[PDB]
Amino acid sequence: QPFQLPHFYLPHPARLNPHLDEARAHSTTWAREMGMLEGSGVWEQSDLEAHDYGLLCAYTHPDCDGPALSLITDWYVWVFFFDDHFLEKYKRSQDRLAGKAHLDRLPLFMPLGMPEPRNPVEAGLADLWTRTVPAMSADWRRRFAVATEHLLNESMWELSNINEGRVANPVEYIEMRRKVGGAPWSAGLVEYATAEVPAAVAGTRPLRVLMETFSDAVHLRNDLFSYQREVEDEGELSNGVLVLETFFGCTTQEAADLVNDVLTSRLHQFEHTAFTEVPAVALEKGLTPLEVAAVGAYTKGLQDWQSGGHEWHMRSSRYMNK
Ligand SMILES: NCCCC(O)(P(=O)(O)O)P(=O)(O)O
Ligand SMILES: [Mg+2]
Ligand SMILES: [Mg+2]
Ligand SMILES: [Mg+2]
């Protein structure tokens with residue numbers, strides 16, 4: 001173990017969806033149906049169960065019913081399969097050209113007909129997209145497809161950095177995980193689980209800031225938990241602890257300690273944003289009682305996502321949690 005986990009700022013206790021065991025059973029079955037287990041070259045069933053994405057989603061989406069949790073869990077099974085698949089098939093061989101082609105096919109499985117799927121990533125996305133889109137607005141649809149594409153562009157950017165040996169500097173790292181990282185995608189599914197953000201406030205600064213603080217915080221937390229795997233097994237350079245470490249030339253523990261202080265700070269700004277800036281713009285735009293409740297449902301969702309996410313990271317076999 002390369003460093004000891006720091007003292008985390010954890011103000012709000014996590015809650016756990018009672019449909020957890022339902023989500024587990026369904027998603028493991030769905031994974032095999034998509035071809036993500038034996039024969040994938042990526043996961044065996046034992047891997048998927050040890051990662052425990054049912055537990056992740058039950059922690060991060062505590063209030064939705066059994067069917068919603070099952071769909072969300074499949075989404076996360078898919079997003080992590082895509083991550084480990086891309087690593088195993090393209091990153092470890094630094095196959096930038098084949099990676100590009102792989103990624104270029106995936107938008108064909110998010111129509112705003114579809115081709116036949118040739119791999120589990122394509123198969124999973126096709127399935128999820130058809131199951132999810134009918135329940136949401138046409139506007140959520142366009143935003144969610146964009147968010148999913150950003151995730152895809154992220155893998156490319158990361159691979160190119162690995163291939164050229166270039167670690168991003170601290171501002172570059174943050175801005176890149178903001179622009180193409182998976183926080184808007186996660187927040188996209190929080191809306192599915194809670195309510196879509198009223199368009200009257202969706203593009204305003206306080207909701208933008210709310211997303212910035214949410215994004216920074218979730219990535220920095222994961223960086224702390226996955227540094228060991230990423231640095232001494234994967235060769236992944238997209239990690240905040242590694243970014244500070246190379247920039248300052250400090251010890252691993254020193255960088256993790258500062259990363260965590262940055263994390264606590266982002267969490268502070270989230271709380272302030274959620275409590276003050278967002279309610280203010282809700283008044284300024286004259287949202288109805290119903291619209292205000294949707295906003296509150298969503299921001300509350302982000303809070304529970306973060307608290308649950310930490311409890312998951314402390315348990316999943318993906319991470320440095322002893
Ligand atoms: N799509 C899921 C993202 C997975 C990660 O969180 P992990 O540390 O678990 O590998 P990332 O690769 O972004 O660091
Ligand atoms: Mg990744
Ligand atoms: Mg990863
Ligand atoms: Mg990580």
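Count residues from 1 along the sequence. Only heavy atoms go into these numbers, but all of them, side chains included; no hydrogens, no water, no symmetry mates. Just follow the structure's listing: the first ligand is 1, and inside any ligand the first atom is 1.
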Closest to atom 4 (C) of ligand 1 among protein heavy atoms sits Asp83 OD2, 3.5 Å

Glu154 near ligand 1, heavy-atom distance under 4.0 Å? no

Close side-chain approach of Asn119 to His102, heavy-atom, < 4.5 Å: yes

For atom 7 (P) of ligand 1, which candidate among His219, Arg229, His313 provides the closest heavy atom? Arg229

Pair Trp75, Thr132 - check side-chain hydrogen bond (donor to acceptor under 3.5 Å, both in side chains), show working. CA-CA 10 Å; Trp75 271 109; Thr132 307; 2.9 Å; yes

Numbering as shown, the atoms of ligand 1 that approach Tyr319 to under 4.0 Å (heavy-atom distance): 7 (P), 8 (O), 9 (O)

So, does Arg177 sit close enough to ligand 1 that a heavy atom of it is under 4.0 Å from the ligand? yes

Compute whether any side-chain donor of one residue and acceptor of the other, for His268 and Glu271, lie under 3.5 angstrom apart. yes

Are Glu149 and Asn153 linked by a side-chain donor-acceptor pair shorter than 3.5 Å? no

Students should be able to answer this: which protein heavy-atom is nearest to atom 1 (N) of ligand 1, and at what distance? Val79 O, 3.1 Å

My understanding is that only residues two or more places apart in sequence, or in another chain, count here; which of them pass side chain to side chain contact (heavy atoms under 4.5 Å, CB included) with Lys91? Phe86, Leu87, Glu158, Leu159, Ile162, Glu236

For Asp127 and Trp30, which I'm curious about, is there any donor-acceptor pair between the side chains at under 3.5 Å? yes

Checking heavy atoms under 4.0 Å, the part of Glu230 that sits near ligand 1 is side chain

Result for side chain to side chain contact (heavy atoms under 4.5 Å, CB included) between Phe144 and one of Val133, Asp139, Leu189 points to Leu189

Indicate whether any N or O donor in one side chain lies under 3.5 Å from an N or O acceptor in the other, for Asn260 and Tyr9. no

Atom 6 (O) of ligand 1: the protein heavy-atom neighbour that sits closest, reported with distance to 0.1 Å: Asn222 ND2, 3.1 Å

Within less than 2.8 Å of the Mg ion (ligand 3), the count of protein N, O or S atoms comes to 1

So, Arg229 side chain and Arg318 main chain: donor-acceptor pair closer than 3.5 Å or not? yes

Under 3.5 Å, is there a donor-acceptor pair between the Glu245 and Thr252 side chains? yes

Enumerate the atoms of ligand 1 whose separation from the nearest heavy atom of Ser226 is less than 4.0 angstrom. 8 (O)

